[PDB]
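Novice: Protein chains in written order, with the entry's author numbering: chain B, 1 to 99; chain A, 1 to 99. Take a look at this one; I'll ask things after.
Protein chains: 2
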Amino acid sequence: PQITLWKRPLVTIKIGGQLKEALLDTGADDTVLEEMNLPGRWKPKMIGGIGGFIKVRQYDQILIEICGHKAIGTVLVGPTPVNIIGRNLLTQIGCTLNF
Amino acid sequence: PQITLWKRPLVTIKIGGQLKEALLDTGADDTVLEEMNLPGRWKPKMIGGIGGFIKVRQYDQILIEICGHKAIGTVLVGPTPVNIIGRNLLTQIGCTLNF
Ligand SMILES: CC[C@H](C)CN(C[C@@H](O)[C@H](Cc1ccccc1)NC(=O)O[C@H]1CO[C@H]2OCC[C@H]21)S(=O)(=O)c1ccc2c(c1)CC[C@@H]2O
Numbered sequence: 001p002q003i004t005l006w007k008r009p010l011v012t013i014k015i016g017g018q019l020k021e022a023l024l025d026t027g028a029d030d031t032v033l034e035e036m037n038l039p040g041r042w043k044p045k046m047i048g049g050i051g052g053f054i055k056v057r058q059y060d061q062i063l064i065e066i067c068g069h070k071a072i073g074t075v076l077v078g079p080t081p082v083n084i085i086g087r088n089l090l091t092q093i094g095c096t097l098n099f
Numbered sequence: 001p002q003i004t005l006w007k008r009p010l011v012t013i014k015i016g017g018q019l020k021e022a023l024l025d026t027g028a029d030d031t032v033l034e035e036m037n038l039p040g041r042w043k044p045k046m047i048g049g050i051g052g053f054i055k056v057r058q059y060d061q062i063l064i065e066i067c068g069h070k071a072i073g074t075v076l077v078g079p080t081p082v083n084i085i086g087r088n089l090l091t092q093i094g095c096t097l098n099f
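Below, the structure is given as structure tokens:
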């Protein structure tokens with residue numbers, strides 16, 4: 001599909017057996033998901049943006065389906081106000097910017 | 001152009017007559033640039049990011065060229081970690097996401 005940017009590029013994703021809404025975000029190196037209780041090992045991390053830093057848990061090799069496109073990679077989980085699909089996964093679903 | 005996402009989508013911009021580098025950021029509603037001198041009146045505003053809220057100067061109807069494409073719109077100036085081009089300007093240059 002082609003997504004215009006008049007509105008936030010929100011799409012449905014599937015992660016940890018749950019469906020969620022997330023932004024397709026070319027400004028995020030990595031994917032950041034709102035607080036959820038994923039199983040398995042994780043590593044603490046701090047990520048910075050406008051307003052400062054938030055503490056997140058880094059999970060590796062997490063499977064996510066974005067608009068029916070499967071992807072697997074690093075997912076950071078923490079108190080983000082929004083689910084963010086970052087470039088580490090956007091490359092895997094074949095997403096590009098075009099103008 | 002078509003821009004892949006294996007690297008950060010960084011582009012050269014011109015604003016106030018000066019060249020700068022900025023990130024094409026589909027997860028940003030607004031365009032936020034690092035502290036700089038811009039001609040024109042401005043008004044104090046607040047914006048929130050992943051880490052909280054910051055004070056910005058809002059410049060309206062500002063001329064800005066992005067990778068050779070002209071836009072005129074709102075530019076917020078403040079302590080952002082990175083120059084980001086948000087959807088208010090990405091729409092003006094005809095930018096879409098595609099997968
Ligand atoms: C530095 C470049 C940018 C700022 C990196 N951001 C990604 C941007 O798209 C954020 C997304 C977003 C955050 C909160 C709420 C809504 C949307 N938009 C943003 O702040 O937009 C501003 C301007 O417009 C307004 O609309 C939206 C909010 C206001 S991040 O979320 O801070 C991030 C993600 C991953 C990762 C990091 C940092 C660090 C490592 C990790 O990979």
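Where is the CB? At the ideal position from N, CA and C, for every residue including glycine.
Check whether chain B comes within 9 Å of residue 77 of chain A, counting only Cβ atoms and requiring the distance to be less than that.
Specialist: So no, residue 77 of chain A is outside the interface.
Novice: How many angstroms separate the CA atom of residue 13 of chain A from the CA atom of residue 75 of chain B?
Specialist: If you take the alpha carbons of residue 13 of chain A and residue 75 of chain B, they lie about 31 Å apart.
Novice: At which residues does the alpha helix (DSSP H) containing residue 88 of chain B begin and terminate?
Specialist: From DSSP, the alpha helix (DSSP H) with residue 88 of chain B extends over 87-90.
Novice: Leaving out five residues before and five after residue 92 of chain B in sequence, what residues of the same chain have Cβ atoms less than 6 Å from its Cβ?
Specialist: Around residue 92 of chain B: 71.
Novice: Use the C-beta contact count for residue 52 of chain A: other C-beta atoms within 10 angstroms, 16 or more gives buried, fewer gives exposed.
Specialist: Looking at its Cβ environment, which holds fewer than 16 other Cβ atoms inside 10 Å, residue 52 of chain A is exposed.
Novice: My parser needs the beta strand (DSSP E) runs of 3 or more residues fully inside the region 24-95 of chain A; what are they?
Specialist: Entirely contained in the region 24-95 of chain A, the beta strand (DSSP E) runs reaching 3 residues are, in chain order, 43-49, 52-66, 69-77.
Novice: Does residue 1 of chain B get closer than 9 Å to chain A when you measure Cβ to Cβ?
Specialist: It does: the Cβ of residue 1 of chain B has a partner Cβ on chain A nearer than 9 Å.
Novice: Assuming contact is defined by CB atoms lying nearer than 9 Å, are residue 24 of chain B and residue 26 of chain A in contact in what I supplied?
Specialist: Yes, Cβ-Cβ distance for residue 24 of chain B and residue 26 of chain A is below 9 Å.
Novice: According to DSSP, which residues form a beta bridge with residue 97 of chain A?
Specialist: DSSP lists B/3, B/97 as partners of residue 97 of chain A.
Novice: Are the Cβ atoms of residue 45 of chain B and residue 61 of chain B separated by less than 9 Å?
Specialist: Not in contact: residue 45 of chain B and residue 61 of chain B (Cβ atoms no closer than 9 Å).
Novice: Is the separation between the beta-carbon of residue 87 of chain B and that of residue 29 of chain A shorter than 9 Å?
Specialist: No, the Cβ-Cβ distance between residue 87 of chain B and residue 29 of chain A is not below 9 Å.
Novice: Residue 84 of chain B and residue 66 of chain B - do their beta-carbons sit closer together than 9 Å?
Specialist: Their beta carbons are not under 9 Å apart, which means residue 66 of chain B does not touch residue 84 of chain B by this criterion.
Novice: Does the beta carbon of residue 12 of chain A come closer than 9 Å to any beta carbon on chain B?
Specialist: False, the Cβ-Cβ gap to chain B never drops below 9 Å.
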